[PDB]
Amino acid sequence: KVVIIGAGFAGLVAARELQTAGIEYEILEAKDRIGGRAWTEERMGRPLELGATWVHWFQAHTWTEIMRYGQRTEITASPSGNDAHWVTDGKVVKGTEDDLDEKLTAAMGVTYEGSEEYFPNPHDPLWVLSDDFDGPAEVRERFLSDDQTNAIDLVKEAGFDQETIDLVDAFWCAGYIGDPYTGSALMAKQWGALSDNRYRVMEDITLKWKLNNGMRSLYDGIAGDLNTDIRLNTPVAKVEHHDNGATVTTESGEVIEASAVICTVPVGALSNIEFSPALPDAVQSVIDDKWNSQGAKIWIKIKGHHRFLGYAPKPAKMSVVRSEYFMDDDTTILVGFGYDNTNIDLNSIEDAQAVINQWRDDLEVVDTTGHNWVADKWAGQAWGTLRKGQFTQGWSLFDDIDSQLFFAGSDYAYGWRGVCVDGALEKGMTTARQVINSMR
């Protein structure tokens, strides 16, 4: 009766939540697999996370699922103490990972500026614009201004040198998984607020702990709890959501009647679906301009065991590259994040070699792999990140469509929005509660 579009984390957890409340549901998934932008897959000799990777116990929704499905002790920290390299004025600088972290720590203090005024409750990100806001008017003005400033310009305006600017550039190429100069600085400030306003905590939460058994241990766990079979290979083509009741049409023409529809399709893929009535104009403007996520994630295998960390600014093929696994055949698998999916072929050994050559032309790539989410018609983006203006006139506009259609997904979460599975688990669950409450 409730139709859930998409079997990623948000759709899976919404279905489990409805099952708890005794509400009949059905999940329709376009692909032949579940998990969405989380995807644990055997590649290059071991299970690799082609999408979501890192978790932390300060992520309430992710951590509860880790506890639920038996993964409490099945987390391992990524390699640290790497030999660090960074590109600044066309030159490669070498240093310790500590050197690099201290530079970013100093830059983040200026980058998080204002988070204490904006985000006393970091899970109420739009409090400053609410009628309950009781702070000075200049805080609201600065808040709105910060939505139109990118995170790098904050560091430039504070007077940091070019070396730190280039490091911060590289860092936010990865963090905005796209052009950081078009991004909203409020995204970075909320990450600060969710991380006790300390760089080390923010990196602990988003870039440290991996699941030994992969994200699939969690999404297969949730799917295993569902008493209703997921309909794979069943793309939705149209959603009707007039007051009478909702209707969903698949690509094959099958029409399914619904009491409500929970749509977890990401903005980058929403143009595949015809909505009747059409979505609100402000929602359509976000879909047309999408979100800040045009980048890509690579896994590169090189010869030898090397503890490597590399940073490079836009327009590098990859902006952050780090050792992750030391393999038994004397090779290293590194992970990389780059701002532009169209400037990198994730499966081309020569392209991966060009990435490594940004820092060290003496290392030799022997294999490489990745999934270009942006070119995937069922995603059309990497993790959701915010362009200028989308913190206050972006992710929040997808709530309160009507009583028949509800949008759920990490990209609309109040907390760790877009960048984390925590946001998908948050928003899938609370959107199911919206339906439960309406039905009660």
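The term rigid core refers to the most C-alpha atoms you can superpose between the two forms while keeping them within 1.5 Å. We number the residues from 1 along the sequence you see.
Root-mean-square C-alpha deviation from the shown form, taken over all structures in 6 other deposited structures of this protein superposed by the rigid core, is larger for 74 to 82 than for the alternative among 74 to 82 and 214 to 222. In the other compared entries of this protein that model both flanking residues, residue 123 has coordinates in every one, well short of a third left out. Annotation: residue 306 does not belong to the positions left without coordinates in a third of the other compared entries; each one with flanking residues models it.
Mean CA B-factor, 150 to 158 versus 332 to 340: the higher value falls on 150 to 158. When the two stretches 124 to 132 and 214 to 222 are set side by side, the higher mean Cα temperature factor goes to 124 to 132. The PDB entry gives the largest Cα B-factor of the residues 179, 204, 196, 102 to 102. The PDB entry gives the largest Cα B-factor of the residues 345, 281, 74, 324 to 281. Ranked against the other modelled residues of its chain, the C-alpha B-factor of residue 431 as given in the entry falls in the lowest third. Looking at the C-alpha B-factors along this chain, the one for residue 241 belongs to the highest third. Per the deposited record, the Cα B-factor of residue 353 falls in the middle third when ranked against the other modelled residues of its chain. The deposited CA B-factor of residue 396 belongs to the middle third of values across its chain.
In this PDB entry, the Cα temperature factor of residue 410 sits in the bottom third of its chain's modelled residues, the lowest group.
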